[PDB]
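Coming up is one lone chain in structure tokens, specifically the form deposited in one PDB entry.
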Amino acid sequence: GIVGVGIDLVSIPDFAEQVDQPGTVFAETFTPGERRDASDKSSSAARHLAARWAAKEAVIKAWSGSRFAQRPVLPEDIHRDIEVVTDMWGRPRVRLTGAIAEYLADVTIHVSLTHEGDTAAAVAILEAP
């Protein structure tokens, strides 16, 4: 049964404006080079990266909306234990580490991402067999 659902829309312009700032959570998900390239509103990098961020936030949203919210704890490591990459063709892939990988070890994560104009989007659905 479904155990969590998330959706997230990202402004590509607003994304590129803050994606490259130090200490932010962007630094723990994208490489400096990636953040540098994504700083260009009009680049493909910004578009693709914006879409990866939406994916990640969507999963995070699904997590916070599940039974794994209320614990355990440390809402700083979940933002860091979650990662989303794209494989050649353009399909999103969710990569887990830290505690979240353990707690969602038996949970299937379904994610999809898109982007158009000044916005990127994604949806995530947590499902247990």
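In this text, the rigid core denotes the largest set of C-alpha atoms whose superposition between the two forms falls within 1.5 Å. Residue positions are given as counts along the sequence shown, with the first one as 1. Only residues modelled in both forms are compared.
Relative to one another, 59-67 and 75-83 have unequal mean CA B-factors, and 75-83 is the one with the higher figure. Comparing 31-39 with 88-96, the higher mean C-alpha B-factor in the PDB entry belongs to 88-96. If you compare the C-alpha temperature factors of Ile109, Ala16, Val25, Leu9 in the entry, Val25 comes out highest.
Split the chain's modelled residues into thirds by C-alpha temperature factor. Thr114 is in the lowest one.
The same protein has a further form, the form deposited in another entry, not shown here; the description that follows concerns it.
With the core held fixed between the shown form and the other one, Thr31 has its Cα displaced by under 2 Å. Compared with the form shown, the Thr119-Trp89 C-alpha separation increases in that other deposited form, the change being 3 Å or greater.
With a change of no less than 3 Å, the CA-CA distance between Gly90 and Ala120 is larger in that other deposited form than in the form shown. Superposition on the rigid core leaves 68-75, 87-90 as the runs of at least three consecutive shared residues whose Cα positions differ by 2 Å or more between the shown form and the other one.
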